[PDB]
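Shown here: upload_14.cif, mmCIF, C-alpha atoms and all ligand atoms.
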data_my_file
#
loop_
_atom_site.label_atom_id
_atom_site.label_comp_id
_atom_site.auth_asym_id
_atom_site.auth_seq_id
_atom_site.Cartn_x
_atom_site.Cartn_y
_atom_site.Cartn_z
CA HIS A 1 9.17 6.82 -24.61
CA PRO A 2 9.76 3.43 -26.27
CA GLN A 3 6.97 3.14 -28.85
CA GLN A 4 5.88 -0.27 -27.54
CA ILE A 5 5.21 1.32 -24.14
CA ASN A 6 3.10 4.07 -25.74
CA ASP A 7 1.31 1.48 -27.87
CA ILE A 8 0.33 -0.87 -25.06
CA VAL A 9 -0.53 1.94 -22.61
CA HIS A 10 -2.73 3.76 -25.13
CA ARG A 11 -4.34 0.46 -26.16
CA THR A 12 -5.06 -0.54 -22.58
CA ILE A 13 -5.65 2.60 -20.49
CA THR A 14 -7.71 4.56 -23.03
CA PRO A 15 -10.66 2.10 -23.05
CA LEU A 16 -10.43 1.61 -19.27
CA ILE A 17 -10.91 5.34 -18.70
CA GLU A 18 -13.83 5.48 -21.13
CA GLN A 19 -15.76 2.54 -19.74
CA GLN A 20 -15.01 3.24 -16.07
CA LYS A 21 -15.68 6.94 -16.75
CA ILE A 22 -12.53 7.93 -14.84
CA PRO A 23 -12.19 11.74 -14.66
CA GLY A 24 -8.43 11.85 -14.20
CA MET A 25 -5.60 9.31 -14.27
CA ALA A 26 -1.84 9.01 -14.00
CA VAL A 27 0.19 5.94 -14.91
CA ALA A 28 3.84 5.12 -14.56
CA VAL A 29 5.35 2.19 -16.40
CA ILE A 30 8.72 1.07 -15.09
CA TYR A 31 10.56 -0.68 -17.90
CA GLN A 32 14.18 -1.79 -17.75
CA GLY A 33 14.56 0.23 -14.55
CA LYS A 34 13.37 3.57 -16.00
CA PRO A 35 10.02 5.28 -15.43
CA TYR A 36 7.65 6.47 -18.19
CA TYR A 37 4.74 8.74 -17.31
CA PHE A 38 1.26 9.22 -18.76
CA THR A 39 -1.56 11.54 -17.63
CA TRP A 40 -5.22 11.95 -18.61
CA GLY A 41 -8.22 14.07 -17.72
CA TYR A 42 -8.72 16.39 -14.76
CA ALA A 43 -7.59 16.54 -11.13
CA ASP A 44 -10.38 19.06 -10.57
CA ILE A 45 -13.32 18.75 -12.95
CA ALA A 46 -15.00 22.03 -12.03
CA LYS A 47 -11.81 24.07 -12.39
CA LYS A 48 -10.67 22.11 -15.46
CA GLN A 49 -7.28 21.52 -13.90
CA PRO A 50 -5.48 18.75 -15.80
CA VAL A 51 -3.83 15.84 -14.06
CA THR A 52 -0.08 16.44 -14.10
CA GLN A 53 2.99 14.53 -12.92
CA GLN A 54 2.78 16.60 -9.72
CA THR A 55 -0.87 15.78 -9.02
CA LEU A 56 -1.42 14.19 -5.61
CA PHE A 57 -3.78 11.18 -5.45
CA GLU A 58 -5.11 9.38 -2.36
CA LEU A 59 -3.42 5.96 -2.21
CA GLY A 60 -5.94 4.34 0.10
CA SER A 61 -4.67 0.90 1.18
CA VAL A 62 -1.54 1.25 -1.00
CA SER A 63 -0.51 3.12 2.16
CA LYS A 64 -0.17 -0.33 3.79
CA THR A 65 3.00 -0.95 1.75
CA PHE A 66 4.65 2.07 3.37
CA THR A 67 3.58 0.85 6.81
CA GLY A 68 4.90 -2.65 6.08
CA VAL A 69 8.27 -1.29 4.99
CA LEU A 70 8.50 1.06 7.98
CA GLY A 71 7.84 -1.97 10.19
CA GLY A 72 10.52 -3.90 8.30
CA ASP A 73 12.95 -1.08 9.00
CA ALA A 74 12.15 -1.24 12.73
CA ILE A 75 12.80 -5.02 12.70
CA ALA A 76 16.11 -4.40 10.93
CA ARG A 77 17.08 -1.88 13.64
CA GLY A 78 16.34 -4.41 16.38
CA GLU A 79 13.59 -2.16 17.78
CA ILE A 80 10.89 -4.83 17.36
CA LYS A 81 10.54 -8.48 16.38
CA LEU A 82 7.38 -9.70 14.64
CA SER A 83 7.40 -12.66 17.04
CA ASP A 84 6.93 -10.24 20.02
CA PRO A 85 3.54 -10.02 21.75
CA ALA A 86 1.57 -6.90 20.83
CA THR A 87 1.26 -6.17 24.57
CA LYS A 88 5.04 -5.77 24.79
CA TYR A 89 4.46 -2.41 23.06
CA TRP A 90 1.12 -1.52 24.67
CA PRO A 91 1.05 -2.86 28.24
CA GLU A 92 -2.30 -1.14 28.90
CA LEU A 93 -3.83 -3.70 26.56
CA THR A 94 -4.48 -6.12 29.42
CA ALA A 95 -7.47 -8.14 28.21
CA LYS A 96 -6.71 -11.85 28.14
CA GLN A 97 -7.73 -12.42 24.53
CA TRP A 98 -4.52 -10.53 23.61
CA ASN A 99 -2.29 -13.25 25.05
CA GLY A 100 -0.66 -14.93 22.10
CA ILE A 101 -1.32 -12.13 19.60
CA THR A 102 1.93 -10.88 18.11
CA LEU A 103 3.10 -8.02 15.93
CA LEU A 104 3.24 -10.53 13.04
CA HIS A 105 -0.45 -11.27 13.53
CA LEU A 106 -1.35 -7.58 13.48
CA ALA A 107 0.87 -6.84 10.48
CA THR A 108 -0.51 -9.70 8.39
CA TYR A 109 -4.23 -9.67 9.33
CA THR A 110 -3.95 -12.97 11.20
CA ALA A 111 -4.76 -11.89 14.75
CA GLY A 112 -8.14 -13.64 14.70
CA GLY A 113 -10.73 -11.37 13.11
CA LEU A 114 -9.98 -7.76 13.86
CA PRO A 115 -12.60 -5.75 12.02
CA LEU A 116 -12.18 -4.30 8.57
CA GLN A 117 -13.04 -0.90 10.03
CA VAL A 118 -12.19 0.72 13.33
CA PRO A 119 -15.52 1.94 14.81
CA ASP A 120 -16.20 5.47 13.49
CA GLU A 121 -16.57 7.08 16.93
CA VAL A 122 -13.08 5.94 17.98
CA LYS A 123 -11.01 9.11 18.03
CA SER A 124 -8.80 9.41 21.11
CA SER A 125 -6.08 7.19 22.54
CA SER A 126 -8.46 6.09 25.30
CA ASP A 127 -11.17 5.32 22.71
CA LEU A 128 -8.69 3.21 20.79
CA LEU A 129 -7.62 1.29 23.90
CA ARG A 130 -11.22 0.61 24.92
CA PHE A 131 -12.00 -0.62 21.41
CA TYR A 132 -9.14 -3.15 21.42
CA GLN A 133 -9.88 -4.19 25.02
CA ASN A 134 -13.46 -5.11 24.09
CA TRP A 135 -12.65 -6.85 20.83
CA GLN A 136 -13.26 -10.62 20.84
CA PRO A 137 -11.46 -12.87 18.36
CA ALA A 138 -13.46 -15.12 16.07
CA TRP A 139 -10.40 -17.43 15.70
CA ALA A 140 -7.15 -18.34 17.46
CA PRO A 141 -4.13 -16.24 16.42
CA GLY A 142 -2.19 -17.26 13.31
CA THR A 143 -4.92 -19.37 11.71
CA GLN A 144 -7.11 -17.14 9.51
CA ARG A 145 -6.38 -14.07 7.38
CA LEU A 146 -9.03 -11.35 7.46
CA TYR A 147 -7.83 -8.30 5.55
CA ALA A 148 -8.49 -5.35 7.85
CA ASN A 149 -7.49 -1.77 8.67
CA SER A 150 -7.74 -2.25 12.44
CA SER A 151 -5.07 -4.95 12.29
CA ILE A 152 -2.21 -3.44 10.27
CA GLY A 153 -3.25 -0.02 11.54
CA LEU A 154 -2.39 -1.07 15.09
CA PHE A 155 0.79 -2.77 13.85
CA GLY A 156 2.04 0.53 12.45
CA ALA A 157 1.26 2.46 15.62
CA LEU A 158 3.02 -0.09 17.83
CA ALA A 159 5.99 -0.62 15.48
CA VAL A 160 7.11 2.98 15.85
CA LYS A 161 6.94 3.14 19.65
CA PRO A 162 10.60 2.22 20.29
CA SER A 163 11.73 5.00 17.88
CA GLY A 164 10.29 7.67 20.19
CA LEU A 165 8.72 9.29 17.12
CA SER A 166 5.10 9.64 16.03
CA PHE A 167 4.05 7.37 13.18
CA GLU A 168 4.15 10.33 10.78
CA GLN A 169 7.62 11.44 11.98
CA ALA A 170 8.98 7.91 11.73
CA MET A 171 7.53 7.48 8.23
CA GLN A 172 8.80 10.86 7.03
CA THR A 173 12.33 10.45 8.41
CA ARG A 174 12.87 6.71 7.91
CA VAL A 175 11.08 6.00 4.63
CA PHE A 176 9.94 9.09 2.66
CA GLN A 177 13.10 11.20 3.09
CA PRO A 178 15.75 8.50 2.45
CA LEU A 179 13.96 7.54 -0.78
CA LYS A 180 13.54 11.17 -1.89
CA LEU A 181 9.76 10.93 -1.84
CA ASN A 182 9.46 14.69 -1.43
CA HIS A 183 5.87 14.93 -2.62
CA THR A 184 4.40 12.12 -0.58
CA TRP A 185 2.29 13.02 2.42
CA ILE A 186 0.29 11.58 5.29
CA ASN A 187 -0.96 15.14 5.82
CA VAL A 188 -0.76 17.39 2.75
CA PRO A 189 0.84 20.71 3.81
CA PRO A 190 -1.25 23.78 2.91
CA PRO A 191 1.32 25.09 0.39
CA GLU A 192 0.97 21.82 -1.56
CA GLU A 193 -2.84 21.78 -1.58
CA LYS A 194 -3.19 23.14 -5.14
CA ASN A 195 -1.83 19.86 -6.53
CA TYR A 196 -4.18 17.65 -4.47
CA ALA A 197 -6.71 16.13 -6.89
CA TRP A 198 -10.32 15.91 -5.84
CA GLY A 199 -11.75 12.42 -5.76
CA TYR A 200 -15.10 11.72 -7.38
CA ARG A 201 -17.87 9.52 -6.00
CA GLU A 202 -21.22 9.62 -7.81
CA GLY A 203 -20.01 12.81 -9.49
CA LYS A 204 -19.41 14.49 -6.13
CA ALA A 205 -16.03 15.96 -5.11
CA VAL A 206 -14.65 14.15 -2.05
CA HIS A 207 -11.51 13.71 0.02
CA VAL A 208 -10.91 10.97 2.59
CA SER A 209 -12.22 11.80 6.11
CA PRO A 210 -10.05 11.58 9.28
CA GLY A 211 -10.39 8.25 11.07
CA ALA A 212 -8.50 6.34 13.76
CA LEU A 213 -5.24 4.76 12.48
CA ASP A 214 -5.81 6.37 9.07
CA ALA A 215 -2.12 7.28 8.61
CA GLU A 216 -1.15 3.64 9.15
CA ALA A 217 -3.87 1.95 7.14
CA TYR A 218 -4.96 4.24 4.28
CA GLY A 219 -3.96 7.90 4.61
CA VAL A 220 -1.00 8.50 2.27
CA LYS A 221 -1.26 10.84 -0.75
CA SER A 222 1.42 10.86 -3.47
CA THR A 223 2.33 11.79 -7.05
CA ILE A 224 2.87 9.52 -10.02
CA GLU A 225 6.62 10.39 -9.86
CA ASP A 226 7.00 9.52 -6.19
CA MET A 227 5.02 6.30 -6.65
CA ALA A 228 7.27 5.29 -9.57
CA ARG A 229 10.25 5.95 -7.24
CA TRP A 230 8.56 3.86 -4.52
CA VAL A 231 8.11 0.93 -6.91
CA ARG A 232 11.70 1.23 -8.10
CA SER A 233 12.96 1.24 -4.50
CA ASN A 234 10.99 -1.90 -3.69
CA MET A 235 12.12 -3.66 -6.81
CA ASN A 236 15.81 -3.08 -6.23
CA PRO A 237 16.38 -2.36 -2.48
CA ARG A 238 20.03 -3.34 -2.85
CA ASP A 239 20.41 -0.07 -4.78
CA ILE A 240 19.66 1.89 -1.58
CA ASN A 241 22.57 3.19 0.54
CA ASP A 242 20.67 3.02 3.83
CA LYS A 243 21.17 -0.30 5.54
CA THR A 244 18.15 -0.76 7.79
CA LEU A 245 15.78 0.61 5.16
CA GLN A 246 17.16 -1.74 2.51
CA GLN A 247 16.74 -4.62 4.95
CA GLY A 248 13.21 -3.47 5.84
CA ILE A 249 12.17 -3.39 2.18
CA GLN A 250 13.43 -6.95 1.83
CA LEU A 251 11.57 -8.09 4.96
CA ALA A 252 8.31 -6.65 3.60
CA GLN A 253 8.54 -9.05 0.66
CA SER A 254 9.30 -12.08 2.85
CA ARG A 255 6.54 -14.66 2.51
CA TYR A 256 5.07 -15.12 6.00
CA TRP A 257 1.82 -16.94 5.18
CA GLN A 258 0.26 -18.67 2.22
CA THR A 259 -3.42 -18.44 1.31
CA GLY A 260 -4.27 -20.21 -1.94
CA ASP A 261 -2.10 -18.72 -4.67
CA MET A 262 -0.93 -15.71 -2.72
CA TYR A 263 1.64 -14.99 -0.08
CA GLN A 264 1.34 -12.29 2.55
CA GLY A 265 4.28 -9.96 3.14
CA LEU A 266 4.27 -6.76 5.24
CA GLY A 267 1.78 -4.64 3.31
CA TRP A 268 2.88 -6.16 0.00
CA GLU A 269 1.16 -9.27 -1.32
CA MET A 270 2.94 -11.68 -3.68
CA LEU A 271 2.27 -14.42 -6.20
CA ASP A 272 4.72 -16.53 -8.17
CA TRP A 273 5.57 -15.17 -11.62
CA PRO A 274 4.35 -16.07 -14.13
CA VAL A 275 0.82 -15.62 -12.78
CA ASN A 276 -2.50 -16.59 -14.22
CA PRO A 277 -4.25 -13.22 -14.79
CA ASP A 278 -7.44 -14.83 -13.46
CA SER A 279 -5.71 -15.85 -10.24
CA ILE A 280 -5.10 -12.23 -9.24
CA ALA A 281 -13.94 -13.04 3.45
CA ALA A 282 -11.57 -14.76 5.86
CA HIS A 283 -9.36 -17.61 4.61
CA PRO A 284 -7.13 -20.09 6.47
CA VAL A 285 -3.38 -19.44 6.49
CA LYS A 286 -0.40 -21.72 6.69
CA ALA A 287 2.80 -20.37 8.26
CA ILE A 288 5.84 -20.51 5.99
CA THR A 289 8.85 -21.56 8.05
CA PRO A 290 11.26 -19.97 7.68
CA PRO A 291 9.47 -17.15 5.87
CA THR A 292 10.63 -17.33 2.26
CA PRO A 293 13.24 -14.63 1.52
CA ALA A 294 11.89 -12.18 -1.06
CA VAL A 295 11.41 -14.07 -4.33
CA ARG A 296 12.47 -11.93 -7.29
CA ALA A 297 10.29 -13.94 -9.70
CA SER A 298 7.06 -12.67 -8.11
CA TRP A 299 4.09 -10.54 -8.99
CA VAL A 300 4.29 -8.10 -6.05
CA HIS A 301 1.29 -5.85 -5.69
CA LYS A 302 -1.22 -3.91 -3.66
CA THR A 303 -4.60 -2.34 -4.43
CA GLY A 304 -6.09 0.63 -2.62
CA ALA A 305 -9.24 2.74 -2.56
CA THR A 306 -10.83 5.68 -0.85
CA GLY A 307 -14.31 7.03 -1.49
CA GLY A 308 -13.04 9.06 -4.42
CA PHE A 309 -9.85 7.32 -5.60
CA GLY A 310 -8.72 3.98 -7.02
CA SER A 311 -5.05 2.98 -6.88
CA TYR A 312 -2.94 0.01 -7.97
CA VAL A 313 0.70 -0.91 -7.91
CA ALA A 314 2.30 -4.09 -9.26
CA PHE A 315 5.86 -5.09 -10.09
CA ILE A 316 7.99 -8.10 -11.04
CA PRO A 317 11.50 -7.70 -9.62
CA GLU A 318 13.14 -10.37 -11.81
CA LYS A 319 12.15 -8.42 -14.91
CA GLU A 320 12.67 -4.81 -13.80
CA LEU A 321 9.02 -4.29 -14.74
CA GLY A 322 6.39 -2.36 -12.77
CA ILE A 323 3.32 -0.17 -13.03
CA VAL A 324 1.52 2.44 -10.95
CA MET A 325 -2.07 3.40 -11.76
CA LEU A 326 -3.64 6.32 -9.89
CA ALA A 327 -7.17 7.55 -10.57
CA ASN A 328 -9.55 10.01 -8.92
CA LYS A 329 -12.47 7.62 -9.11
CA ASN A 330 -12.91 4.36 -7.20
CA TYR A 331 -13.47 1.80 -9.95
CA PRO A 332 -13.54 -2.03 -9.64
CA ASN A 333 -10.31 -3.78 -8.73
CA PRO A 334 -10.52 -6.49 -11.43
CA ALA A 335 -10.37 -3.73 -14.05
CA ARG A 336 -7.22 -2.32 -12.47
CA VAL A 337 -5.51 -5.69 -12.32
CA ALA A 338 -6.55 -6.66 -15.84
CA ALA A 339 -5.09 -3.46 -17.29
CA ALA A 340 -1.90 -3.79 -15.26
CA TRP A 341 -1.42 -7.42 -16.26
CA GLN A 342 -2.07 -6.66 -19.94
CA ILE A 343 0.59 -3.92 -19.90
CA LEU A 344 3.29 -5.83 -18.03
CA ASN A 345 2.64 -9.09 -19.90
CA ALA A 346 3.18 -7.22 -23.18
CA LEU A 347 6.51 -5.77 -22.03
CA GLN A 348 8.16 -8.86 -20.53
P1 LIG A 401 -8.05 -0.39 1.44
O1 LIG A 401 -8.05 0.51 0.21
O2 LIG A 401 -8.56 -1.80 1.16
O3 LIG A 401 -9.07 0.14 2.54
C1 LIG A 401 -8.95 1.42 3.12
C2 LIG A 401 -10.12 2.30 2.75
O4 LIG A 401 -11.32 1.85 3.44
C3 LIG A 401 -12.09 2.95 3.84
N1 LIG A 401 -12.12 2.95 5.31
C4 LIG A 401 -11.27 2.61 6.31
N2 LIG A 401 -11.94 2.82 7.47
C5 LIG A 401 -13.19 3.28 7.16
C6 LIG A 401 -14.26 3.64 7.95
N3 LIG A 401 -14.33 3.63 9.37
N4 LIG A 401 -15.42 4.06 7.41
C7 LIG A 401 -15.54 4.13 6.05
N5 LIG A 401 -14.49 3.77 5.25
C8 LIG A 401 -13.31 3.35 5.81
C9 LIG A 401 -11.45 4.21 3.26
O5 LIG A 401 -12.02 4.47 1.98
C10 LIG A 401 -10.00 3.76 3.12
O6 LIG A 401 -9.25 4.49 2.16
#
Mind converting the file's structure to structure tokens?
Amino acid sequence: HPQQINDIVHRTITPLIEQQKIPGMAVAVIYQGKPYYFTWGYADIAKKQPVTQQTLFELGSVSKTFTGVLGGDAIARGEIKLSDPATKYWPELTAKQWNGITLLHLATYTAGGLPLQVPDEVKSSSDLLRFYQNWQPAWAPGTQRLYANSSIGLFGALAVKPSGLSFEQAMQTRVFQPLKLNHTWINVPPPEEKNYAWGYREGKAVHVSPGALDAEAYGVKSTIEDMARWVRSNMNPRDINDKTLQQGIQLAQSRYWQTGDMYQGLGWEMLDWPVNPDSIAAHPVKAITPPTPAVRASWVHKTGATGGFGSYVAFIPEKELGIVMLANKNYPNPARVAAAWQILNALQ
């Protein structure tokens, strides 16, 4: 490691762990293109199993970045357009409030107030259809952003329909495998279970429960090494020898809407670099026309949580600088962002 990386990471992450009382943590700092790894504490407190570079953490909503990119890849293939009505890919969704709602709206939380959570009793395909059929928008499409699992969750499920594959099969074959993310899972295979960290909520060991559209909205588990590779792939997509995937990664950093200081991509969210560290409910959106092609001078990021895990990813493509922070405790987002900003700001 470059000493300055060690110095700033030790300075920054050590206190964070102490005050947030985080039981285990992994961090990757991407600096001049290369990854540097750090680990702390335990994946399993009871068994005193240390966090390693092979420890799997629940990504929570960081999963949305994978879904956004997979959608981008489908657009690149000509399988979908974001301007297409959602009903084009689910004709059984006949209720009139769906007229005018597009894949873009689903992907970017702008469909008009889809709920943050899919109702907990929704399990089957018929349950899911009935849920969407009964949903009533609070706003017209394309006018308000309400960050929500039921929105991008449906986007992911519909985006993969033309492929003929399940969402998991599409993600595995079109995103995970081409990028050599060989320890990244929607469903952790039994032989890999020993590396799956427990999450901790009020001292209790927990893993995320099954829920409708979980794969699409929050269900990915990954290692610090794979997540470093993910960040690297999104920072320099032109380094990928897979045309539609490269194009998809670029489309996910297109700026489709603006809300205050931030811009909504597909899964990824973006702000202009340099950012004010203090700048990082529903809010009105303005369409950006044409959507701004991925801006390399951006803070590109996404936070994620499950009951037992807190995750954060941020990168600045212009500077070849990025960070992944994975912890097996859900701790406040401002703390994650503050630590990430301190580390990247020191290395620019
Ligand atoms: P992102 O990390 O913002 O959000 C995804 C996390 O939210 C929780 N989640 C989604 N859906 C539910 C339901 N129905 N009930 C309780 N919690 C839910 C999970 O923690 C996701 O990881």
Please identify every residue of chain A that has at least one atom no farther than 6 Å from an atom of ligand LIG 401 (chain A), counting all atoms listed in the file, and for each give the shortest atom pair and the distance in Å to one decimal, arranged by chain then increasing number, as CSV.
residue,atom,partner,partner_atom,distance
A:60,CA,A:LIG401,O6,3.9
A:61,CA,A:LIG401,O1,3.5
A:117,CA,A:LIG401,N2,4.6
A:118,CA,A:LIG401,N3,5.4
A:119,CA,A:LIG401,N3,5.8
A:120,CA,A:LIG401,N3,4.9
A:218,CA,A:LIG401,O6,4.8
A:304,CA,A:LIG401,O1,3.4
A:305,CA,A:LIG401,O1,3.7
A:306,CA,A:LIG401,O5,3.3
A:307,CA,A:LIG401,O5,4.9
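Within the 8 Å cut-off around residue 207 in chain A, using all atoms listed in the file and omitting residues fewer than 4 positions from it on the same chain, the listed residues are residues 198, 199, 307 and 308 of chain A.
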Self-check item: Shell of 7 Å around range 15-32 of chain A, only C-alpha atoms, local chain residues under 4 positions omitted, as number ranges by chain
Solution: A: 36-43, 51, 224, 228, 320-329, 331
Self-check item: Neighbour list for residue 235 in chain A as a PyMOL selection string, cut-off 8 Å, all atoms listed in the file, skip fewer than 6 positions in-chain
Solution: chain A and resi 315-317+320
For residue 74 in chain A, find every residue with an atom within 12 Å (counting only C-alpha atoms), except residues of its own chain fewer than 5 positions away, and show them as a compact mmCIF listing (two decimals) with C-alpha atoms, keeping the file's coordinate frame.
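Everything below was put into around.txt:
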# COMPACT_ATOMS: atom_id res chain seq x y z
CA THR A 67 3.58 0.85 6.81
CA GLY A 68 4.90 -2.65 6.08
CA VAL A 69 8.27 -1.29 4.99
CA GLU A 79 13.59 -2.16 17.78
CA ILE A 80 10.89 -4.83 17.36
CA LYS A 81 10.54 -8.48 16.38
CA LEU A 82 7.38 -9.70 14.64
CA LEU A 103 3.10 -8.02 15.93
CA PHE A 155 0.79 -2.77 13.85
CA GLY A 156 2.04 0.53 12.45
CA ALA A 157 1.26 2.46 15.62
CA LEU A 158 3.02 -0.09 17.83
CA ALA A 159 5.99 -0.62 15.48
CA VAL A 160 7.11 2.98 15.85
CA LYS A 161 6.94 3.14 19.65
CA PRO A 162 10.60 2.22 20.29
CA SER A 163 11.73 5.00 17.88
CA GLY A 164 10.29 7.67 20.19
CA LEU A 165 8.72 9.29 17.12
CA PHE A 167 4.05 7.37 13.18
CA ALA A 170 8.98 7.91 11.73
CA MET A 171 7.53 7.48 8.23
CA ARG A 174 12.87 6.71 7.91
CA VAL A 175 11.08 6.00 4.63
CA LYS A 243 21.17 -0.30 5.54
CA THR A 244 18.15 -0.76 7.79
CA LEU A 245 15.78 0.61 5.16
CA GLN A 246 17.16 -1.74 2.51
CA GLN A 247 16.74 -4.62 4.95
CA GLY A 248 13.21 -3.47 5.84
CA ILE A 249 12.17 -3.39 2.18
CA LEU A 251 11.57 -8.09 4.96
CA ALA A 252 8.31 -6.65 3.60
Quiz item: What does the distance from CA of residue 203 in chain A to CA of residue 47 in chain A come to in Å, to one decimal?
Solution: 14.2 Å
